[PDB]
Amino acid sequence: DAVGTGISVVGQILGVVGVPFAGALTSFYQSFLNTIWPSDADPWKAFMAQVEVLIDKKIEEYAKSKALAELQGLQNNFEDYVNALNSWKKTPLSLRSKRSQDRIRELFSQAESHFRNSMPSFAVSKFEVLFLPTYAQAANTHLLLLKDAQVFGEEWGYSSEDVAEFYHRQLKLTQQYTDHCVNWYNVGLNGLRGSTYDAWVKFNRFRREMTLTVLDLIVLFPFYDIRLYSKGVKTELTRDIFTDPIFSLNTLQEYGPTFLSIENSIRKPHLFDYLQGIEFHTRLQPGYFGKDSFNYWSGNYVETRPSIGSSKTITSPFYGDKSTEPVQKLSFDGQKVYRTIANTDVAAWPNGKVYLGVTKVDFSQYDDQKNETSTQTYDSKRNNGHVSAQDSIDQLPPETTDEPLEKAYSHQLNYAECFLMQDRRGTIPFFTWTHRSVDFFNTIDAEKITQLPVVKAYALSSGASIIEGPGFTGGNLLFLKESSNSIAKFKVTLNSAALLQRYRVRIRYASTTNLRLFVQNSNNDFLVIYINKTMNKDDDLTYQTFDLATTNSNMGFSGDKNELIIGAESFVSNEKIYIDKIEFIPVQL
């Protein structure tokens, strides 16, 4: 499946990126070949067909076969290279010959060059939204390969000049490939904007599928720069994912909530939080003949708990209709809900009125602590049998199938919200999921470079707001309106090895002015960070607008109650400052 491969690749890359030199010295390439570059090229036909199905368009035959051809040549070159590479890696120094050198280089320049020149084949005119996943996937390989030049270049025989041409190229394409993907995503996304419920479900499916397959991959590209991130990288994807509405309004399609009411009712950008519990509200759906009436869940309240550092729960507004029957409360405090299976029911009226609603949902939860799996259920307590409906794994497959689901899932439940149908047909619920990569503990690694998404803070000041991300950061950003000393507070987790260490702090931001930022910890370290102008006010948030500001003073931590506050100095209104990640580098003096 296109999405399943995508999800699987992003899981492999996330782990490889956490290995020094982007895992360049491990056997990652073997798994990567089986998954993305298999001999039969099945994966490609899947990506090539994935978007046709989403925008309901097609890629002309010429364009489509040319692409598969370029892809055949690329798989070959690339596999050729990987084999020459395993050899090279195994060869004792003493046994490495000029023949080996000349040969491995010749292969590298061939794969890299073929890749460099193929790219346009997946970016054809009038076929950008439809070639998207293919492009992102080939791009990602070109970059995974170019970095190899910085790791092996010198022992392969390349000179300074040669090696630098590659680095320069790498920096230039990381930017280009990133921007291309975000650009065509917005173009396709916006092409699905309509006013209907139907228009929405299509709009939200492209949004999801393209995120799992492209945007989620594009965020990893910067960690291939093994000079800027030479220690391995510990990061996470924080964005929300909306699976499709729990059941399909077959004859009811027309009665679904409008586009705007759906996009204006959904929960806006916020600090990352976790599911605590769901309060189910139930009502009766009468069948015309009474014996065929059923209870279904009409509305709900949801409780979410903030990121580490704050326990206070957040109760959402009431969603949908108040119960007519008893309310059921489920609390998932301390559990990871990795799957939901809903069952539906119907009651057709002679006068043509058909009615639907959810009579049941099973929440398969997993407990990290006790390492136990269990289930929890919402049963309306009245139904004529079970028509089937949504199974989460079909939309959000796991990272591998040869792994127990509770150990291989890719997302966890985060929110549930009911929407009402027009002409009183009932309520259709929506679920929201977050990536399994999210560390609840905000752990700072002792060896690796750690990225702390700014949305992992547990508190924000009045002058700061969480805003929708540009597209290539894997989540949302913090916008700075009013500078204060406690713009945001975080609590982080360090282990013993991590406690004996000191850390240099780097900050990924985008700003229209130079300014000083301050970082404080409860260990009384106070660091001043001068950020510089990276864009003009009238600019858009593209790849080149973000940068890394750092300080030459480091900080250390103590014990188990570590907190971090970010402050800033005053700036005039009208200047835009966006902060994305706080990075910790273990200063090994």
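Numbers follow the displayed sequence, beginning with 1.
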query	finding
Selected stretch [higher average CA B-factor]: 4 to 12 or 580 to 588	580 to 588
Selected stretch [higher average CA B-factor]: 377 to 385 or 160 to 168	377 to 385
Selection by C-alpha B-factor (highest) of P398, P269, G474, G232	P269
Largest Cα B-factor, entry values, listed residues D179, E325, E209, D148	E325
Third of the chain's Cα B-factor distribution that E447 belongs to, per the entry	middle
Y29 - which third its CA temperature factor falls in, relative to the rest of the chain	middle
For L541, the third of its chain into which the C-alpha B factor falls	middle
CA B-factor ranking of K89, expressed as a third of its chain	middle
Within-chain third of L68 by Cα B-factor, per the entry	lowest
